[PDB]
Each structure stands twice: as structure tokens, then as C-alpha cells.
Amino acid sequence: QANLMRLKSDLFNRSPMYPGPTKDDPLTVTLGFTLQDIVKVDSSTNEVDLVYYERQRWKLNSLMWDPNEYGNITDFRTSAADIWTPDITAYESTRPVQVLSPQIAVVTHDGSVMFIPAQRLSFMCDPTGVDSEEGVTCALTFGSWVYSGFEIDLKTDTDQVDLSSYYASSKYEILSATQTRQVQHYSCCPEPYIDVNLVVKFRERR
């Protein structure tokens, strides 16, 4: 309708796009994972394929507006390509990530954004021991590729990976799955980088 088209026109045409966070104006992204399925294990290459959602939230003043000035609209859907999004990357991936869902974000009048893409990922993981009762553990680090912790900071809402949607007939059952903020330095660069470490222990279902 008219107001929403007016609102989206204002936010996206009145101004050039948000150029990303800076040291002067850093951003915090809240990251949470929903694990759908461990689809595949490959012991000839030590790769494991994972289907999951990645819940992302951040807030920008450039996406703020007054609902009264727009027929009481307090939020809207929009293509993730219309707006800036964080370069959150899985560091142990072995193939380009595969997108499983539409890429549409919800923007709220207070400038907050929620974006939840579903993905399939192959990543480095030695599955040796997956057929035992103890199972095997693998770890994933999700973080910004190019922004240090002075520009993008990460946090979680919970330490528990959401398993409420996990496929009950998966070849693999999950014994535990956690998500933990952590920080490290890389050789190339002087500043610390922030990541959320996904640690998943699993085994062959029986």
C-alpha cells in the first residue's frame, strides 16, 4: 500500500546506502543458530554437511522512522539486498555455502533488523568415532571476515543451539550443541576478531 511504498522509498532513496560499521561507529550483531539436520558425513575427505538457520540481528539509526508519520506501520519485510548485511562467514567451510530460503529481512521502526537465512554448509570435520556411543565432536567458527572487534562485535542470546526443529529421523542424533562468543588474533592483522563458536557432538542414530 501507499504508506509502505512511501516508507520504503524514503528509507532507500533519501540516502545513499549505509557504508558499514567503523571504529567510530561500531555495530553489535546478535547471532543464534537453529540446527535442522546433519545430512552427510564423508570420512574419505573429513567433510560434514550441515543444514541450519542462522538468526542475525542488528540495529541502525539510518533504518529508524516514526510510525505515526507512516500510517502506524511499525515494521516491514524487505529483500536483504535492499539493505546492508553483516559479512558473517563460516571459517571451516570447504564449499561455497548453499542458500535454502528466500533472503528477506524484517526491519522495525526502531532501526532493528532480523534476518534468518537457511543454509547448507560443508565444512572441515573428522567424523572418526561417529558410529560409537561417545560419538564425535566438531567445531565451527562463525564471524565477520573483514571487520575486527572494534567494528563488529558479536553476542548470543543463549548458549544453547536451538534443536527444537532438528530432524527426528536424521541419520545422526545430536548429543549436545553449543554456541559461544570467542575472540582471537590472526597473523595478518593487528586487531582482535570476534566469532561465535558452534560446537556440536553427534553420533549415528540407532
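A residue's number is simply how far along the shown sequence it sits, counting from 1.
Checked against the record, the higher mean CA B factor of 62-70 and 175-183 lies with 62-70. Once the C-alpha B-factors are averaged per stretch, 186-194 and 5-13 rank with 5-13 first. You'll see in the entry that, of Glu92, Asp87, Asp82, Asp131, the Cα B factor peaks at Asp131. If you compare the C-alpha temperature factors of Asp153, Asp157, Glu47, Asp37 in the entry, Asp157 comes out highest. When all modelled residues of the chain are sorted by CA temperature factor, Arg120 is found within the lowest third. In this PDB entry, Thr78 carries a Cα temperature factor that places it within the middle third of its chain's modelled residues. Per the PDB record, residue ranking by Cα B-factor puts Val161 in the middle third of the chain.
Per the deposited record, the Cα B-factor of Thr108 falls in the highest third when ranked against the other modelled residues of its chain. Per-chain ranking of the deposited C-alpha B factor places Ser148 in the lowest third.
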